[PDB]
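Participant: After the structure tokens below, expect a handful of questions from me.
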Amino acid sequence: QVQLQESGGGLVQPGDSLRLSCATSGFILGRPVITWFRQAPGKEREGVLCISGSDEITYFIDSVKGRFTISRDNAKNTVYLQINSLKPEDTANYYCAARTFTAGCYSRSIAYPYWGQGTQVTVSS
Amino acid sequence: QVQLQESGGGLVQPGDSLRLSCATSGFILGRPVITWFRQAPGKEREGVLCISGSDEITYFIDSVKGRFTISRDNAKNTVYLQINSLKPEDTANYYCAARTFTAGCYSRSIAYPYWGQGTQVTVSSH
Amino acid sequence: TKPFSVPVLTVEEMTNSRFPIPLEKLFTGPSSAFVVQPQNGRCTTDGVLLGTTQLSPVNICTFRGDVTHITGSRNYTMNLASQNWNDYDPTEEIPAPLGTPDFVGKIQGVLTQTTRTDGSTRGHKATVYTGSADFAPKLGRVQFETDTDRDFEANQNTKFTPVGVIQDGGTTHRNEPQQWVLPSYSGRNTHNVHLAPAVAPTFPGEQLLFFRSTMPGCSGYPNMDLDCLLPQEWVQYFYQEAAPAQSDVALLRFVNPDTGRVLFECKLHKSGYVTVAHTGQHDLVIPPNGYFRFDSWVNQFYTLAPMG
Amino acid sequence: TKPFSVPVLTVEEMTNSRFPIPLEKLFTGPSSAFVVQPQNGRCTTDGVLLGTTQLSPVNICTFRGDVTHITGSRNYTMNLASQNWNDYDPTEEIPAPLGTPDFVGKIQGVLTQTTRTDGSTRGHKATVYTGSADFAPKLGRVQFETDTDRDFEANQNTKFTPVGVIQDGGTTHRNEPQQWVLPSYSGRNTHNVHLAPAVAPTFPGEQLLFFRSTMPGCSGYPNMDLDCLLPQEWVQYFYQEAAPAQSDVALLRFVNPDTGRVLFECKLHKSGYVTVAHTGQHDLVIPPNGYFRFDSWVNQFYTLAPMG
């Protein structure tokens, strides 16, 4: 019965750092694939980066490499997105999404049956 | 390329007899189930009687059982319907239908993939 | 005459036995509160089909027959044939024709028809409401709501191909279908007959394990969850192997062939359902290549390793 | 050393491997005039899947993905996912996604969609023309004609469920589909790759034996004949058993289980097709309970008992 809840967004300053959380529940046995997506008000949800149940990490957007970091806190059933040095192009509603499988880091939204409700990140102008 | 063709109809006299034939081609191995249907004015095609590949006969209309006889001539790939003592109620367009199975005599038209084009039997008023 | 086994197939390689769609996941939850009595996907481990179960995945929730309607009506009554177009016999000791839907809801699909004299064809949107008083497949008749009041012919071969389910968006979301509510197969007329039995865990701390898919939705806000007790491929496999049951319970292990490791164990009951040692409503998270493997026949009070 | 066999299933118990519908009959005909190279229903007798062949019959001629509207039309481009919604990889060594149609024609069905935020759903009549320049499943793109220019949303899960085939009734009847004409899987951007090979009888006086169905027709006067080289259940069974081929030719007898009488014998070739000794275009007339039985591996010189 997977459930996903994002937190950590808000109005933030260019150049600062930010940690988002994806708290999960409703699953047993393996560790699910978890992917962060983001949506701008005139675009669709786009895949950003993914971590498998074995902690293998796949990036889907080259530009965020080396500012965005994904990690897993198994003890809290929580996955984090760490953004260093916020830029205005990072502004979006951020979602986490999950699959009921331990492997398979996919970039497209249709690959994920479960989604949180989103947490807004606005890098102020 | 299976083909069925009915023949033997016409304008016929009450109390006479007639013989319809259903000639088939396009089948190998088993002898197919063949059923005679008829379509009287204003009605749908209705199943009359059937002969299995083993020549087991099933009637679907009880009133015809005294006077209608179905039979198979394997060597001429034909099945016949003989009607004795023709009566006006016999009047209809008569069709034969086949299945690619040796067994299963069914009364409904949808059970048969293969059909002839029909032969008309009219038991005349004069 | 091999020992009893289950097929080497992953979850995603297998098919729901209650609607013609792939499996997606394994789900466990308590079920003491409602009746679990599906009629499709029912088979003993030694290959006896039960309920309305038949072997073809593609015939699940399909109907075949010929149709009539009242003049000017968009509703067509289908006089059912068997799945191979044979005459349908209502005295057979089954609940309804094999593959008949086994839940109350509104299934949308397409009614197709061929005219036998010339090979002309036609297709129309069609919905069957399995809770309707006119849903009487055990008597040989069901009604379809269609988008035509004139474009079907009588006495011509006609087929319903299912696609998905619908819901009335003007009412509480996900209130239908009701996958655990059986239709009345003879209409308002009499009670259901020859049913596969209701199932429930009996060992303390056990729950059923469900093989789960998401049905397509065609309109509204339907509840698209669909749980079966056995993959269709396990029905097919048990029918084919017909290995005698040496006790009432076969112990299976779910194996990750990527590592060799056993992820969990479960009980396959000889009457055809699976239980696990778990309390809670949880999705199982699995390796994509994982599969089930027979380990041994066990006695009646074997205790599974707990999961979740 | 594991013994080979085929399933104990009647013709009517089995499923076409090239469209999701039951088998109806056995047919034999000459085939030197055209190329027999289907890509679904292809499997060796020791269980190696070939072509676009996958295991469950409900995925045959289905597509999944998301859709983008083609402005000024009722047409949509599907960006394909794999059959389990995984990202699709065009560098996989297959001709196209497994289950892609393997003939040129117009397949009508229903495109359904769910909006993930609220569970709202929708469905529309849709046709895929697999001879289209815009039929490019190997590249991950397939065009559908629909009855809407506005209702589908972008980036949402969308499925095509096949129902049947159509034909233009103003043109020569039964002129399409063309079941032995392969599509261009890359929409003519490049040639087809990784195909299962064309098949032809090589032994004097032999013809292929076809497992035949009648596809539903949805409009017009289509050619509804559909022939596969192996039933889907034989593909499924050989994949499970993986029994080694002791020669290139397995001798099968078709038997009546009431009497033990053999109706005919045929050759099942190791690379996955069947031949009989017969000249001409004929339907086989069979007992409904008849089934195929593997009797012996035989060498390349074995002469079948003639039929017909």
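Simple scheme: letters A, B, ... for chains in structure tokens order, numbers from 1 for residues in each chain, numbers from 1 for ligands in the order shown.
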Extract, using only C-alpha atoms, all DNA, RNA and protein residues at most 8 Å from segment 79-92 of chain A, discarding same-chain residues fewer than 2 positions from it, and format them as a ChimeraX atom specification.
Facilitator: /A:13-23,34,36,38-41,67-73,77,94,120-125
Participant: Near chain D, which residues of chain C fall within 7 Å when you count only C-alpha atoms, and what do they look like as a ChimeraX atom specification?
Facilitator: /C:7-8,12-15,20-21,55-58,84,112-114,119-123,161,163,216-221,240
Participant: What are the residues of chain C lining chain A at 7 Å or less? Count only C-alpha atoms, and put the answer as a CSV table (one decimal) with C-alpha atoms, in the first residue's frame.
Facilitator:
chain,number,residue,atom,x,y,z
C,25,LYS,CA,2.7,-6.6,-8.1
C,281,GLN,CA,-1.8,-3.8,4.2
C,282,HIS,CA,1.4,-3.7,2.3
C,283,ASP,CA,2.8,-3.9,-1.2
C,284,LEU,CA,5.7,-6.4,-1.6
C,285,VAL,CA,8.7,-4.8,-3.1
C,286,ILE,CA,10.5,-7.4,-5.3
C,287,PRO,CA,13.4,-7.9,-7.7
C,288,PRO,CA,12.0,-7.8,-11.3
C,308,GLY,CA,7.0,-7.3,6.7
Participant: Could you tell me which residues of chain B sit within 6 Å of chain D when counting only C-alpha atoms, and give me the result as a list in words?
Facilitator: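 Here is what falls inside 6 Å: residues 26, 27, 28, 29, 30, 100, 101 and 102 of chain B.
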Participant: Produce a file of the selected residues containing N, CA and C atoms, as a PDB file, in the first residue's frame.
Facilitator:
ATOM      1  N   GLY B  26     -13.152 -28.833 -50.102  1.00  0.00           N
ATOM      2  CA  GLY B  26     -12.231 -28.012 -49.366  1.00  0.00           C
ATOM      3  C   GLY B  26     -11.870 -28.552 -47.997  1.00  0.00           C
ATOM      4  N   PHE B  27     -12.377 -29.744 -47.624  1.00  0.00           N
ATOM      5  CA  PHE B  27     -12.135 -30.411 -46.335  1.00  0.00           C
ATOM      6  C   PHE B  27     -11.252 -31.643 -46.559  1.00  0.00           C
ATOM      7  N   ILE B  28     -10.408 -31.964 -45.563  1.00  0.00           N
ATOM      8  CA  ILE B  28      -9.682 -33.232 -45.501  1.00  0.00           C
ATOM      9  C   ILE B  28      -9.772 -33.835 -44.102  1.00  0.00           C
ATOM     10  N   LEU B  29      -9.443 -35.134 -44.041  1.00  0.00           N
ATOM     11  CA  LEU B  29      -9.382 -35.973 -42.852  1.00  0.00           C
ATOM     12  C   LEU B  29     -10.779 -36.365 -42.377  1.00  0.00           C
ATOM     13  N   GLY B  30     -11.300 -35.748 -41.313  1.00  0.00           N
ATOM     14  CA  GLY B  30     -12.572 -36.185 -40.766  1.00  0.00           C
ATOM     15  C   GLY B  30     -13.761 -35.785 -41.637  1.00  0.00           C
ATOM     16  N   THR B 100     -15.831 -27.536 -38.890  1.00  0.00           N
ATOM     17  CA  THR B 100     -14.565 -28.258 -39.098  1.00  0.00           C
ATOM     18  C   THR B 100     -14.298 -29.257 -38.000  1.00  0.00           C
ATOM     19  N   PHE B 101     -15.359 -29.883 -37.491  1.00  0.00           N
ATOM     20  CA  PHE B 101     -15.262 -30.883 -36.439  1.00  0.00           C
ATOM     21  C   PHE B 101     -16.111 -32.089 -36.823  1.00  0.00           C
ATOM     22  N   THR B 102     -15.718 -33.262 -36.345  1.00  0.00           N
ATOM     23  CA  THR B 102     -16.478 -34.489 -36.615  1.00  0.00           C
ATOM     24  C   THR B 102     -17.627 -34.702 -35.650  1.00  0.00           C
TER      25      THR B 102
END
Participant: If you count only C-alpha atoms, which residues fall within 12 Å of residue 118 of chain B, apart from same-chain ones fewer than 3 positions away, as a PDB file with N, CA and C atoms, in the first residue's frame?
Facilitator:
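That gives us out_7.pdb:
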ATOM      1  N   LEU B   4     -19.621 -24.887 -49.862  1.00  0.00           N
ATOM      2  CA  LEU B   4     -20.830 -25.688 -49.740  1.00  0.00           C
ATOM      3  C   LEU B   4     -21.778 -25.157 -50.811  1.00  0.00           C
ATOM      4  N   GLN B   5     -22.524 -26.057 -51.458  1.00  0.00           N
ATOM      5  CA  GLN B   5     -23.525 -25.650 -52.451  1.00  0.00           C
ATOM      6  C   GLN B   5     -24.750 -26.531 -52.328  1.00  0.00           C
ATOM      7  N   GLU B   6     -25.905 -25.906 -52.090  1.00  0.00           N
ATOM      8  CA  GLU B   6     -27.182 -26.602 -52.008  1.00  0.00           C
ATOM      9  C   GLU B   6     -27.846 -26.660 -53.379  1.00  0.00           C
ATOM     10  N   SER B   7     -28.536 -27.758 -53.630  1.00  0.00           N
ATOM     11  CA  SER B   7     -29.389 -27.840 -54.820  1.00  0.00           C
ATOM     12  C   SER B   7     -30.572 -28.747 -54.518  1.00  0.00           C
ATOM     13  N   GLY B   8     -31.587 -28.714 -55.395  1.00  0.00           N
ATOM     14  CA  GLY B   8     -32.712 -29.631 -55.235  1.00  0.00           C
ATOM     15  C   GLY B   8     -34.052 -28.961 -54.964  1.00  0.00           C
ATOM     16  N   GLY B   9     -34.089 -27.646 -54.795  1.00  0.00           N
ATOM     17  CA  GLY B   9     -35.330 -26.957 -54.516  1.00  0.00           C
ATOM     18  C   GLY B   9     -36.175 -26.782 -55.759  1.00  0.00           C
ATOM     19  N   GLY B  10     -37.259 -26.046 -55.574  1.00  0.00           N
ATOM     20  CA  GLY B  10     -38.148 -25.649 -56.653  1.00  0.00           C
ATOM     21  C   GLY B  10     -39.551 -25.394 -56.128  1.00  0.00           C
ATOM     22  N   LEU B  20     -32.898 -32.673 -51.417  1.00  0.00           N
ATOM     23  CA  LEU B  20     -31.893 -31.627 -51.449  1.00  0.00           C
ATOM     24  C   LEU B  20     -30.508 -32.242 -51.279  1.00  0.00           C
ATOM     25  N   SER B  21     -29.516 -31.632 -51.918  1.00  0.00           N
ATOM     26  CA  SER B  21     -28.132 -32.061 -51.749  1.00  0.00           C
ATOM     27  C   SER B  21     -27.287 -30.865 -51.343  1.00  0.00           C
ATOM     28  N   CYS B  22     -26.327 -31.147 -50.484  1.00  0.00           N
ATOM     29  CA  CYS B  22     -25.335 -30.197 -49.975  1.00  0.00           C
ATOM     30  C   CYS B  22     -24.001 -30.802 -50.391  1.00  0.00           C
ATOM     31  N   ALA B  23     -23.423 -30.262 -51.464  1.00  0.00           N
ATOM     32  CA  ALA B  23     -22.126 -30.706 -51.968  1.00  0.00           C
ATOM     33  C   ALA B  23     -21.029 -29.859 -51.346  1.00  0.00           C
ATOM     34  N   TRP B  36     -28.829 -28.953 -41.751  1.00  0.00           N
ATOM     35  CA  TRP B  36     -29.725 -28.210 -42.633  1.00  0.00           C
ATOM     36  C   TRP B  36     -30.474 -27.184 -41.811  1.00  0.00           C
ATOM     37  N   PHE B  37     -30.461 -25.941 -42.268  1.00  0.00           N
ATOM     38  CA  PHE B  37     -31.230 -24.823 -41.721  1.00  0.00           C
ATOM     39  C   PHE B  37     -32.307 -24.449 -42.704  1.00  0.00           C
ATOM     40  N   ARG B  38     -33.333 -23.739 -42.227  1.00  0.00           N
ATOM     41  CA  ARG B  38     -34.279 -23.158 -43.183  1.00  0.00           C
ATOM     42  C   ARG B  38     -34.744 -21.798 -42.703  1.00  0.00           C
ATOM     43  N   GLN B  39     -35.112 -20.943 -43.662  1.00  0.00           N
ATOM     44  CA  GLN B  39     -35.586 -19.595 -43.364  1.00  0.00           C
ATOM     45  C   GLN B  39     -36.941 -19.423 -44.038  1.00  0.00           C
ATOM     46  N   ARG B  45     -32.939 -17.812 -40.098  1.00  0.00           N
ATOM     47  CA  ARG B  45     -32.502 -19.184 -40.336  1.00  0.00           C
ATOM     48  C   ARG B  45     -32.610 -19.962 -39.038  1.00  0.00           C
ATOM     49  N   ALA B  92     -39.723 -22.851 -47.460  1.00  0.00           N
ATOM     50  CA  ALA B  92     -38.642 -22.027 -46.893  1.00  0.00           C
ATOM     51  C   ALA B  92     -37.451 -22.039 -47.848  1.00  0.00           C
ATOM     52  N   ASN B  93     -36.514 -21.100 -47.632  1.00  0.00           N
ATOM     53  CA  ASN B  93     -35.183 -21.197 -48.224  1.00  0.00           C
ATOM     54  C   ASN B  93     -34.307 -22.115 -47.347  1.00  0.00           C
ATOM     55  N   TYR B  94     -33.752 -23.170 -47.941  1.00  0.00           N
ATOM     56  CA  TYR B  94     -33.023 -24.199 -47.203  1.00  0.00           C
ATOM     57  C   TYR B  94     -31.516 -24.019 -47.406  1.00  0.00           C
ATOM     58  N   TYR B  95     -30.771 -24.040 -46.296  1.00  0.00           N
ATOM     59  CA  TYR B  95     -29.326 -23.856 -46.296  1.00  0.00           C
ATOM     60  C   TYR B  95     -28.644 -25.047 -45.655  1.00  0.00           C
ATOM     61  N   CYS B  96     -27.494 -25.433 -46.180  1.00  0.00           N
ATOM     62  CA  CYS B  96     -26.646 -26.309 -45.397  1.00  0.00           C
ATOM     63  C   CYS B  96     -25.450 -25.566 -44.797  1.00  0.00           C
ATOM     64  N   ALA B  97     -25.022 -26.056 -43.652  1.00  0.00           N
ATOM     65  CA  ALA B  97     -23.940 -25.421 -42.896  1.00  0.00           C
ATOM     66  C   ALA B  97     -23.029 -26.506 -42.350  1.00  0.00           C
ATOM     67  N   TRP B 115     -21.269 -21.921 -44.919  1.00  0.00           N
ATOM     68  CA  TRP B 115     -22.647 -21.913 -45.402  1.00  0.00           C
ATOM     69  C   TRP B 115     -22.693 -21.963 -46.922  1.00  0.00           C
ATOM     70  N   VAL B 121     -37.464 -23.836 -51.413  1.00  0.00           N
ATOM     71  CA  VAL B 121     -38.494 -24.867 -51.528  1.00  0.00           C
ATOM     72  C   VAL B 121     -39.847 -24.179 -51.333  1.00  0.00           C
TER      73      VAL B 121
ATOM     74  N   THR C 117     -23.317 -13.695 -44.819  1.00  0.00           N
ATOM     75  CA  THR C 117     -23.535 -13.817 -46.268  1.00  0.00           C
ATOM     76  C   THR C 117     -22.463 -13.084 -47.068  1.00  0.00           C
TER      77      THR C 117
END
Participant: Quick one: residues within 9 Å of residue 128 of chain C, only C-alpha atoms counted, chain neighbours fewer than 3 positions away excluded, as an MDAnalysis selection string?
Facilitator: chainID C and resid 105:109 131:132 135 142:145
Participant: Just list as a PyMOL selection string whatever in segment 115-186 of chain C DSSP marks as strand (DSSP E or B).
Facilitator: chain C and resi 121-129+136+141-146+158-166+178
Participant: Out of segment 35-241 of chain D, which residues get helix (DSSP H, G or I) from DSSP, as a PyMOL selection string?
Facilitator: chain D and resi 57-59+137-139+232-241
Participant: Extract, using only C-alpha atoms, all DNA, RNA and protein residues at most 9 Å from residue 69 of chain C, discarding same-chain residues fewer than 3 positions from it, and format them as a list in words.
Facilitator: residues 72, 73, 74, 75, 76, 77, 78, 149, 150, 152 and 154 of chain C
Participant: Please dump the current selection as a PDB file, in the first residue's frame; keep C-alpha atoms.
Facilitator:
ATOM      1  CA  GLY C  72     -35.279   1.977 -31.303  1.00  0.00           C
ATOM      2  CA  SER C  73     -33.175   0.812 -28.293  1.00  0.00           C
ATOM      3  CA  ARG C  74     -29.421   1.209 -27.757  1.00  0.00           C
ATOM      4  CA  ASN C  75     -29.508  -1.853 -25.462  1.00  0.00           C
ATOM      5  CA  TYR C  76     -28.865  -5.231 -27.084  1.00  0.00           C
ATOM      6  CA  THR C  77     -29.567  -8.595 -25.459  1.00  0.00           C
ATOM      7  CA  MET C  78     -26.954 -11.230 -26.316  1.00  0.00           C
ATOM      8  CA  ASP C 149     -29.914   1.861 -32.061  1.00  0.00           C
ATOM      9  CA  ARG C 150     -29.854   0.290 -35.486  1.00  0.00           C
ATOM     10  CA  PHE C 152     -26.539  -4.717 -35.438  1.00  0.00           C
ATOM     11  CA  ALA C 154     -30.007 -10.574 -35.762  1.00  0.00           C
TER      12      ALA C 154
END
Participant: When you look at residue 304 of chain D with a cut-off of 10 Å (counting only C-alpha atoms), what residues show up, excluding the ones that are within fewer than 6 positions of it in the same chain? I need them as a list in words.
Facilitator: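 Skipping anything fewer than 6 positions along the chain leaves residues 203, 205, 206, 251, 264, 265, 266, 267, 275, 276, 277 and 278 of chain D.
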Participant: Mind writing the picked residues with C-alpha atoms as a compact mmCIF listing (two decimals), in the first residue's frame?
Facilitator:
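Now in part13.txt:
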# COMPACT_ATOMS: atom_id res chain seq x y z
CA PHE D 203 10.82 -31.79 -48.07
CA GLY D 205 5.32 -32.98 -51.10
CA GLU D 206 5.12 -31.13 -47.77
CA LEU D 251 7.35 -36.55 -35.06
CA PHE D 264 -2.63 -37.86 -38.97
CA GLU D 265 1.05 -37.29 -38.29
CA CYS D 266 3.17 -34.19 -38.81
CA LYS D 267 6.69 -32.83 -38.34
CA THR D 275 4.68 -29.46 -41.85
CA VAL D 276 2.33 -32.15 -43.25
CA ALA D 277 2.44 -34.29 -46.39
CA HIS D 278 -0.34 -32.81 -48.51
